[PDB]
């Protein structure tokens, strides 16, 4: 049996499920295959940061559903370093007060665990048309010049079928083997720590009186680890590091783990139900390339990060967001296949900074002595890393005076191409909407109120079906009373600003042009891979 599909996604985690929901929503028929039988697995990741939600909230209903699926609710997150969760805090890294005082995004922080997120993505992936098939395995594949030939295998029978796809998203995890087909090599420090993860049930309401969602980095003299509060109330997980020379994963039975749950919580005796025990590793590795022919590595198969910064799942989501909009343009013929060359160019350095940020969080919060393992070249600030990372590819018309910075303070936007369009409230009559509520579907061209020569130029381009472009004239379609949009992005009232479907600035004009149509038509062509 042989069927064809535009996009084939292998893997039903954060990367693959996001890729399918966004590719579905943007009108691209896809099929997702996943070896497991359901999303039902132990939670690993907790929380969706602001940028992850920005790329996901273009899908109607998705954001509220993610927040409804959470126990703690919006911005209700605390981060503490201590010797145990009942010990005096060594330091307090984040609170609801601190998240509320950083209005850098139309979205707040969502705290939901992976065990709650993956079903909601599956839900919206299917509602918008994705073909998600569980208990189905990519057995093997090869690439002809016009598509991928994939062999699929039913886990219940072993019966095989062939699917032909224009493109395939390898989303197959840290241990994923699709990349080996392409000879990609994971480079980096490698495995830095052996860990053992324990899921337990216990009276957590009393120990943690006023925290909705809590994460404690436990830095004590017996061991190092962390404790997280799960979405199921009175459920929690600890991830304790162990030395593979002094102990072994087999050595952690129910009796021993109940003591670890009590040591890490700072309680002498507490009734602890051990629900599951898992040995894991903490590694730092980056792929040398993130795509080969028509195969695209997304998520943990492209970049393994130390799970200390909580950046792994978010890079996976944003990886899958970058693929979704770009692939949706290529299969519709609104972009050249060359646009897909920009994927590892833009997304790989982002992964290099996450790995470095994550290593730095691990030293600073858990093992401050181990400064040798850090990559201080690539370290940047926490919000800059999650949210101010910059892109530089042929998918972007750089500013003439580009300083080459890897990040930009989201608090001090310059409006340079390659940066994430700033969040600013605007006015659409008596209602107020974020600038981000005006982007995310097609490209968008913002012009100042004197930007009518650009508007007409954009409307001649947007006449074409090949051309996915809309226009917004400031002071006509929406008003910026405070001057915090186009003035702060250094756009004069005769200027124009082009933003991608992922919300990143692609091109700007401080002011007027001798021929606005030719300027814009050439900008628009170039950034979609045409010449």
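Numbering follows the first chain given and starts at 1.
Relative to one another, 443 to 451 and 222 to 230 have unequal mean CA B-factors, and 222 to 230 is the one with the higher figure.
The stretch with the higher mean CA B factor, choosing between 315 to 323 and 146 to 154, is 146 to 154. Comparing the C-alpha B-factors of 291, 84, 334, 342 in the entry, the top value falls on 84. Taking the PDB entry at face value, the top CA B factor among 137, 432, 177, 393 belongs to 432.
Among all modelled residues in this chain, the alpha-carbon of residue 306 has a temperature factor (C-alpha) in the middle third.
In the PDB entry, a CA B factor belonging to the middle third of its chain's modelled residues is recorded for residue 388. Annotation for residue 64: CA B-factor lies in the middle third of the chain's modelled residues. Compared with the other modelled residues of the chain, the Cα B-factor recorded for residue 494 ranks in the middle third. Compared with the other modelled residues of the chain, the Cα B-factor recorded for residue 428 ranks in the highest third.
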